[PDB]
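Below you'll find the structure, written out as structure tokens, and then a few comments.
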DNA sequence: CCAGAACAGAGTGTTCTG
DNA sequence: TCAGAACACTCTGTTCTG
Ligand SMILES: [Zn+2]
Ligand SMILES: [Zn+2]
Ligand SMILES: [Zn+2]
Ligand SMILES: [Zn+2]
């Protein structure tokens, strides 16, 4: 019921991992697209519903560490 | 001789709200002080603010603006 | 249910003006 | 000189569709 990436309400099992929709479309867009994500902290940024927009790098990192794939 | 924004290190357009800055940090500061935003740092309140990452943490950006001495009067 | 498409908004940055 | 208006773009999130 809870997104393993940001803790928001999970819509379902997407790309191998229980997530919400925002993290679903984010993951696809992040992996295929050419983005210049760069962390401003220490690679341990808190990714929750409020702050997930802040550091796309760490968000993508959590997605990958969760095992998400296309 | 070229001037540098004291907030993000981008090219400063001039002295805005009391501090040498670019346009983006200017309008950002205005919108931030007046506007109702939910800025919250995801790190340790010491995020690196440069041209690439200034979009990342508005909280730390506003913090640098205030510590630089920016004001509306 | 799940993937992808598509529509809409927030936040941002530049150009123009006096 | 700098302040503010306004348009346009990027990124994101929800809704729609196959
Ligand atoms: Zn999520
Ligand atoms: Zn980060
Ligand atoms: Zn700046
Ligand atoms: Zn921060």
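Protein chains in written order, with the authors' numbering: chain B, 5 to 74; chain A, 3 to 75.
Backbone N, C-alpha and C define an ideal beta-carbon position, used for all residues, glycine too.
Distances between the C-beta of residue 61/A and the heavy atoms of ligand 4 include at least one below 7 angstroms.
The beta carbon of residue 23/A sits closer than 6 angstroms to the beta carbons of 7, 9, 14 from its chain, once the five residues preceding and following it are set aside; these are given in chain order. Distances from the CA of residue 39/A to each of 50/A, 59/A, 52/A were compared; the closest alpha carbon is that of 59/A. Residues are counted here when their Cβ sits less than 7 angstroms from a Cβ of chain B; for the stretch 59 to 70 of chain A these are 59, given in chain order. Residue range 16 to 18 is occupied by the beta strand (DSSP E) that includes residue 17/A.
Here residue 19/A is actually not in contact with residue 30/A; their C-beta atoms are around 11 angstroms apart, not less than 8 angstroms.
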